[PDB]
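Undergrad: Right, I'll just put the structure down here and ask away after.
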Protein chains: 2
Amino acid sequence: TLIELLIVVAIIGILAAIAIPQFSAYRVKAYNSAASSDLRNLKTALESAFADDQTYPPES
Amino acid sequence: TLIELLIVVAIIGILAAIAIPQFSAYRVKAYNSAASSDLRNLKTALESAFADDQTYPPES
């Protein structure tokens with residue numbers, strides 16, 4: 001019936017706007033926490049290399 | 001769930017900064033204590049050599 005096809009339309013419009021959130025910060029935090037962990041790891045690498053050669057490794 | 005991956009990120013950031021200390025003095029003291037012991041040993045060597053030859057050994 002036409003009234004049924006007037007409520008189908010009235011629910012499609014509702015379920016098409018459910019305040020979809022932006023997933024931008026929630027991922028840049030992950031990127032940042034990857035970089036920070038990587039740096040804290042690289043520090044271990046550097047300080048072990050010094051304890052090998054009494055010198056931090058040359059660049060490149 | 002996304003909230004779980006928001007706390008994993010919040011703990012990775014914490015455990016990546018635990019005030020990692022500089023291990024520079026704690027090793028130069030060891031180097032110094034090696035050199036001092038070596039010198040105190042060399043003194044014994046010199047003073048035994050004198051008691052052999054009535055003279056400290058010539059240089060080189």
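Labels used: A, B, ... for chains in the order of the structure tokens, numbers from 1 for residues in each chain, and numbers from 1 for ligands as shown.
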Please extract the residues of chain A with a backbone DSSP assignment of alpha helix (DSSP H) and present them as JSON, numbers by chain.

TA: {"A": [4, 5, 6, 7, 8, 9, 10, 11, 12, 13, 14, 15, 25, 26, 27, 28, 29, 30, 31, 32, 33, 34, 35, 36, 37, 38, 39, 40, 41, 42, 43, 44, 45, 46, 47, 48, 49, 50, 51, 52, 53]}

Undergrad: Can you check which parts of chain A lie within 10 Å of chain B? Per residue, the shortest pair of atoms and distance in Å to one decimal, counting only C-alpha atoms, sorted by chain and number, as JSON lines.

TA:
{"residue": "A:26", "atom": "CA", "partner": "B:6", "partner_atom": "CA", "distance": 7.0}
{"residue": "A:27", "atom": "CA", "partner": "B:6", "partner_atom": "CA", "distance": 8.9}
{"residue": "A:29", "atom": "CA", "partner": "B:9", "partner_atom": "CA", "distance": 6.8}
{"residue": "A:30", "atom": "CA", "partner": "B:9", "partner_atom": "CA", "distance": 5.7}
{"residue": "A:31", "atom": "CA", "partner": "B:9", "partner_atom": "CA", "distance": 9.1}
{"residue": "A:32", "atom": "CA", "partner": "B:13", "partner_atom": "CA", "distance": 8.3}
{"residue": "A:33", "atom": "CA", "partner": "B:13", "partner_atom": "CA", "distance": 5.4}
{"residue": "A:34", "atom": "CA", "partner": "B:12", "partner_atom": "CA", "distance": 8.1}
{"residue": "A:35", "atom": "CA", "partner": "B:13", "partner_atom": "CA", "distance": 9.6}
{"residue": "A:36", "atom": "CA", "partner": "B:16", "partner_atom": "CA", "distance": 6.4}
{"residue": "A:37", "atom": "CA", "partner": "B:16", "partner_atom": "CA", "distance": 5.4}
{"residue": "A:38", "atom": "CA", "partner": "B:16", "partner_atom": "CA", "distance": 8.7}
{"residue": "A:39", "atom": "CA", "partner": "B:16", "partner_atom": "CA", "distance": 8.5}
{"residue": "A:40", "atom": "CA", "partner": "B:16", "partner_atom": "CA", "distance": 5.9}
{"residue": "A:41", "atom": "CA", "partner": "B:16", "partner_atom": "CA", "distance": 8.5}
{"residue": "A:43", "atom": "CA", "partner": "B:20", "partner_atom": "CA", "distance": 9.1}
{"residue": "A:44", "atom": "CA", "partner": "B:20", "partner_atom": "CA", "distance": 9.5}
{"residue": "A:47", "atom": "CA", "partner": "B:23", "partner_atom": "CA", "distance": 8.2}
{"residue": "A:50", "atom": "CA", "partner": "B:24", "partner_atom": "CA", "distance": 10.0}
{"residue": "A:51", "atom": "CA", "partner": "B:27", "partner_atom": "CA", "distance": 9.1}

Undergrad: Least-squares fit on all C-alpha atoms, paired in order: put chain B onto chain A and return it as a CSV table (one decimal) with N, CA and C atoms, in the first residue's frame.

TA:
chain,number,residue,atom,x,y,z
B,1,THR,N,0.8,-1.2,0.0
B,1,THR,CA,0.0,0.0,0.0
B,1,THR,C,0.9,1.3,0.0
B,2,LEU,N,0.3,2.4,-0.5
B,2,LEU,CA,1.0,3.6,-0.6
B,2,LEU,C,1.5,4.1,0.8
B,3,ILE,N,0.7,3.8,1.9
B,3,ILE,CA,1.1,4.3,3.2
B,3,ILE,C,2.3,3.5,3.7
B,4,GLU,N,2.4,2.2,3.3
B,4,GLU,CA,3.6,1.4,3.7
B,4,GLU,C,4.8,2.0,3.0
B,5,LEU,N,4.7,2.4,1.7
B,5,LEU,CA,5.8,3.1,1.0
B,5,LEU,C,6.0,4.5,1.4
B,6,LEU,N,5.2,5.0,2.3
B,6,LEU,CA,5.5,6.3,2.9
B,6,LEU,C,6.2,6.2,4.2
B,7,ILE,N,6.2,5.1,4.9
B,7,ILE,CA,6.9,4.8,6.1
B,7,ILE,C,8.3,4.2,5.8
B,8,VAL,N,8.3,3.4,4.7
B,8,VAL,CA,9.7,2.9,4.3
B,8,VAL,C,10.6,4.1,4.0
B,9,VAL,N,10.0,5.1,3.3
B,9,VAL,CA,10.8,6.3,3.0
B,9,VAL,C,11.1,7.0,4.3
B,10,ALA,N,10.2,7.0,5.3
B,10,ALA,CA,10.4,7.8,6.5
B,10,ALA,C,11.4,7.1,7.4
B,11,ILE,N,11.7,5.8,7.3
B,11,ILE,CA,12.7,5.1,8.0
B,11,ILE,C,14.1,5.1,7.3
B,12,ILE,N,14.1,5.0,6.0
B,12,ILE,CA,15.3,5.1,5.2
B,12,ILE,C,16.0,6.5,5.5
B,13,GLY,N,15.2,7.5,5.5
B,13,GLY,CA,15.8,8.8,5.9
B,13,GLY,C,16.4,8.9,7.3
B,14,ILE,N,15.7,8.2,8.2
B,14,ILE,CA,16.2,8.2,9.6
B,14,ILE,C,17.5,7.5,9.7
B,15,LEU,N,17.6,6.2,9.1
B,15,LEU,CA,18.7,5.4,9.2
B,15,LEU,C,19.9,5.8,8.3
B,16,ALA,N,19.7,6.8,7.5
B,16,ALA,CA,20.7,7.4,6.7
B,16,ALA,C,21.5,8.5,7.3
B,17,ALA,N,21.1,8.9,8.5
B,17,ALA,CA,21.8,10.0,9.3
B,17,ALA,C,21.8,9.5,10.8
B,18,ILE,N,22.9,8.9,11.2
B,18,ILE,CA,23.0,8.4,12.5
B,18,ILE,C,24.2,9.0,13.2
B,19,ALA,N,24.6,10.2,12.7
B,19,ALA,CA,25.7,10.9,13.3
B,19,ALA,C,27.0,10.1,13.1
B,20,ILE,N,27.4,9.9,11.9
B,20,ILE,CA,28.6,9.1,11.6
B,20,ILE,C,29.8,9.9,12.0
B,21,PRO,N,30.7,9.3,12.8
B,21,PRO,CA,31.8,10.1,13.4
B,21,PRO,C,33.0,10.1,12.5
B,22,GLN,N,33.8,11.1,12.7
B,22,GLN,CA,35.1,11.2,12.0
B,22,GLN,C,36.2,10.4,12.6
B,23,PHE,N,36.8,9.5,11.8
B,23,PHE,CA,37.8,8.7,12.3
B,23,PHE,C,39.2,9.2,11.9
B,24,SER,N,39.5,10.4,12.4
B,24,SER,CA,40.8,11.0,12.0
B,24,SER,C,41.8,11.0,13.2
B,25,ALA,N,41.4,11.5,14.4
B,25,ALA,CA,42.2,11.5,15.5
B,25,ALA,C,42.5,10.1,16.0
B,26,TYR,N,41.5,9.2,15.9
B,26,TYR,CA,41.6,7.9,16.5
B,26,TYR,C,42.6,7.0,15.8
B,27,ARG,N,43.2,7.4,14.7
B,27,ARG,CA,44.2,6.8,13.9
B,27,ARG,C,45.5,7.5,13.9
B,28,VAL,N,45.5,8.9,14.0
B,28,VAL,CA,46.8,9.6,14.1
B,28,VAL,C,47.4,9.3,15.5
B,29,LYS,N,46.6,9.0,16.5
B,29,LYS,CA,47.2,8.6,17.8
B,29,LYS,C,47.9,7.3,17.6
B,30,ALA,N,47.4,6.4,16.8
B,30,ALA,CA,48.0,5.1,16.6
B,30,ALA,C,49.4,5.3,15.8
B,31,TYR,N,49.3,6.2,14.8
B,31,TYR,CA,50.6,6.5,14.1
B,31,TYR,C,51.6,7.1,15.0
B,32,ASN,N,51.2,8.0,15.9
B,32,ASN,CA,52.1,8.7,16.9
B,32,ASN,C,52.7,7.6,17.8
B,33,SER,N,51.9,6.7,18.3
B,33,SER,CA,52.3,5.7,19.2
B,33,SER,C,53.2,4.7,18.6
B,34,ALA,N,53.1,4.5,17.2
B,34,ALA,CA,54.1,3.7,16.5
B,34,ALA,C,55.4,4.4,16.5
B,35,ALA,N,55.4,5.7,16.1
B,35,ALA,CA,56.7,6.4,16.0
B,35,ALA,C,57.4,6.5,17.3
B,36,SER,N,56.7,6.8,18.4
B,36,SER,CA,57.3,6.9,19.7
B,36,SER,C,58.0,5.6,20.1
B,37,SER,N,57.3,4.5,20.0
B,37,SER,CA,57.8,3.2,20.3
B,37,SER,C,59.1,2.9,19.4
B,38,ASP,N,59.0,3.3,18.2
B,38,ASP,CA,60.2,3.1,17.3
B,38,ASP,C,61.4,3.9,17.8
B,39,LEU,N,61.2,5.1,18.2
B,39,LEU,CA,62.3,5.9,18.7
B,39,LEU,C,62.9,5.4,20.0
B,40,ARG,N,62.0,4.9,20.9
B,40,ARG,CA,62.5,4.4,22.2
B,40,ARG,C,63.2,3.1,21.9
B,41,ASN,N,62.9,2.4,20.8
B,41,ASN,CA,63.7,1.2,20.4
B,41,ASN,C,65.0,1.6,19.9
B,42,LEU,N,65.0,2.6,19.0
B,42,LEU,CA,66.3,3.0,18.4
B,42,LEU,C,67.2,3.5,19.4
B,43,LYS,N,66.7,4.1,20.5
B,43,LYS,CA,67.6,4.5,21.6
B,43,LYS,C,68.4,3.3,22.2
B,44,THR,N,67.7,2.1,22.4
B,44,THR,CA,68.4,0.9,22.8
B,44,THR,C,69.4,0.5,21.8
B,45,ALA,N,69.1,0.6,20.5
B,45,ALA,CA,70.1,0.2,19.5
B,45,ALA,C,71.3,1.1,19.6
B,46,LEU,N,71.1,2.4,19.7
B,46,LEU,CA,72.3,3.3,19.8
B,46,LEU,C,73.1,3.0,21.0
B,47,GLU,N,72.5,2.9,22.1
B,47,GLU,CA,73.3,2.8,23.4
B,47,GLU,C,74.0,1.4,23.5
B,48,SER,N,73.4,0.4,22.8
B,48,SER,CA,74.2,-0.9,22.7
B,48,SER,C,75.4,-0.7,21.8
B,49,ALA,N,75.2,0.0,20.7
B,49,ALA,CA,76.3,0.2,19.7
B,49,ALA,C,77.4,0.9,20.4
B,50,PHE,N,77.1,1.9,21.2
B,50,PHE,CA,78.2,2.7,21.9
B,50,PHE,C,78.9,1.7,22.9
B,51,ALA,N,78.1,0.9,23.6
B,51,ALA,CA,78.8,0.0,24.5
B,51,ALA,C,79.6,-1.1,23.8
B,52,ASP,N,79.4,-1.2,22.5
B,52,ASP,CA,80.3,-2.0,21.7
B,52,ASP,C,81.6,-1.2,21.3
B,53,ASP,N,81.5,0.0,20.7
B,53,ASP,CA,82.6,0.6,20.1
B,53,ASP,C,83.1,1.9,20.8
B,54,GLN,N,82.6,2.2,22.0
B,54,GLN,CA,82.9,3.4,22.7
B,54,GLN,C,82.5,4.7,21.9
B,55,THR,N,81.7,4.5,20.9
B,55,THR,CA,81.3,5.6,20.0
B,55,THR,C,80.0,5.3,19.4
B,56,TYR,N,79.1,6.3,19.3
B,56,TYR,CA,77.9,6.1,18.6
B,56,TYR,C,78.1,6.0,17.1
B,57,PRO,N,77.3,5.2,16.3
B,57,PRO,CA,77.7,4.9,15.0
B,57,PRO,C,77.7,6.1,14.1
B,58,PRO,N,78.5,6.2,13.1
B,58,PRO,CA,78.5,7.3,12.1
B,58,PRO,C,77.2,7.3,11.3
B,59,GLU,N,76.8,8.5,10.9
B,59,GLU,CA,75.5,8.7,10.2
B,59,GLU,C,75.5,8.0,8.9
B,60,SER,N,74.3,7.7,8.4
B,60,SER,CA,74.1,7.0,7.1
B,60,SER,C,74.9,5.7,7.0
